[PDB]
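Laid out below as structure tokens are two forms of one and the same protein chain, each shown alone and named structure 1 and structure 2.
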Structure 1
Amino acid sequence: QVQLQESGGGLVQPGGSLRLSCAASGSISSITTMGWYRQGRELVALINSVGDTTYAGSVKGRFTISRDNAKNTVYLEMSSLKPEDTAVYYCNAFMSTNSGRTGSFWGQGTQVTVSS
């Protein structure tokens, strides 16, 4: 019972910056983490329900992950972009219940291209 709406992204020059957004709706209370992954589908940045943040070594100091809890939206503030940052970036929300049931939800994938 989580829906994710991705937005943002596009084309930037090397050293450029972009914001990705991933809006969540539905069973928010059960989400333990949300994050962006690129593609192996590898972790870029994650934020958990208490706001702890985790960054891939390749992106730390350049990318910031944040949330606006007033809108259940998580943001990936990409900066100092490199051509190797070029990829489809997917938003994930991972859900865990009291029951022990779990769920994993993925957005449709947002293209980021860093070039010329």
Structure 2
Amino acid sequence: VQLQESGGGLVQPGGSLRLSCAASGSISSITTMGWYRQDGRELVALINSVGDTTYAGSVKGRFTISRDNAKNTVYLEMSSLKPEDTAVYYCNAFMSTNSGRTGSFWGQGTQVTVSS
């Protein structure tokens, strides 16, 4: 099993982006899925299998995380981006596989740069 990230890049202050992270392979279940960033290291947004969300205080009201259980995919919509949001964003999913493995899996990371 792997996590595939997409959606990064460069945007002007005030702009928006959506990041996506899709889990593939023989997946049995997923508990939490979400996004961390490194400025240090902080949770950006998390969502569990029953739709409970957790957002960093600095992004709440600007960023929206959503999830498609059927597709094992999580999305982070980012709005009103600021230079201070410039970071490597990386996806985490806590998953169980059909082969009986369980763990915390990570995507490759995605740069988001916010600059004039």
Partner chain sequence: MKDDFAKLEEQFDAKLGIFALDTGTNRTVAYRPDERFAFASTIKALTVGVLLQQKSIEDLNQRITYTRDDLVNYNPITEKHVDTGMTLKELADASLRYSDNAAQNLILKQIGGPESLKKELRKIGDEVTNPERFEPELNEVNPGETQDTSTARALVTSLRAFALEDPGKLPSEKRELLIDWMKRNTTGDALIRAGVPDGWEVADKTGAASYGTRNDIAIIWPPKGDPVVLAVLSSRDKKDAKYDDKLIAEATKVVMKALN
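C-alpha atoms forming the largest set that superposes within 1.5 Å between two forms make up the rigid core. Here, residue number means position along structure 1's sequence, counting from 1.
Q: Between structure 1 and structure 2, which should be identified as the form solved without its partner chain?
A: Structure 1, not 2.
Q: Please determine whether the C-alpha atom of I28 is displaced by 2 Å or more between the two structures following superposition on the rigid core.
A: Yes, shifts by 2 Å or more.
Q: Fitting the rigid core first, would the Cα of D68 be found 2 Å or more away between the two structures?
A: Moves: yes, 2 Å or greater.
Q: With both forms fit on the core, has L18 moved 2 Å or more by CA between the two structures?
A: The answer is no; the displacement is under 2 Å.
Q: Can you give me the Cα shift for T97 between the two structures? Core-superposed, in angstrom, one decimal please.
A: Superposing on the rigid core gives a C-alpha shift of 8.8 Å for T97.
Q: Once the core is aligned, what is the C-alpha displacement of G9 between the two structures? Give it in Å to one decimal.
A: In the core superposition between the two structures, the C-alpha of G9 moves 1.1 Å.
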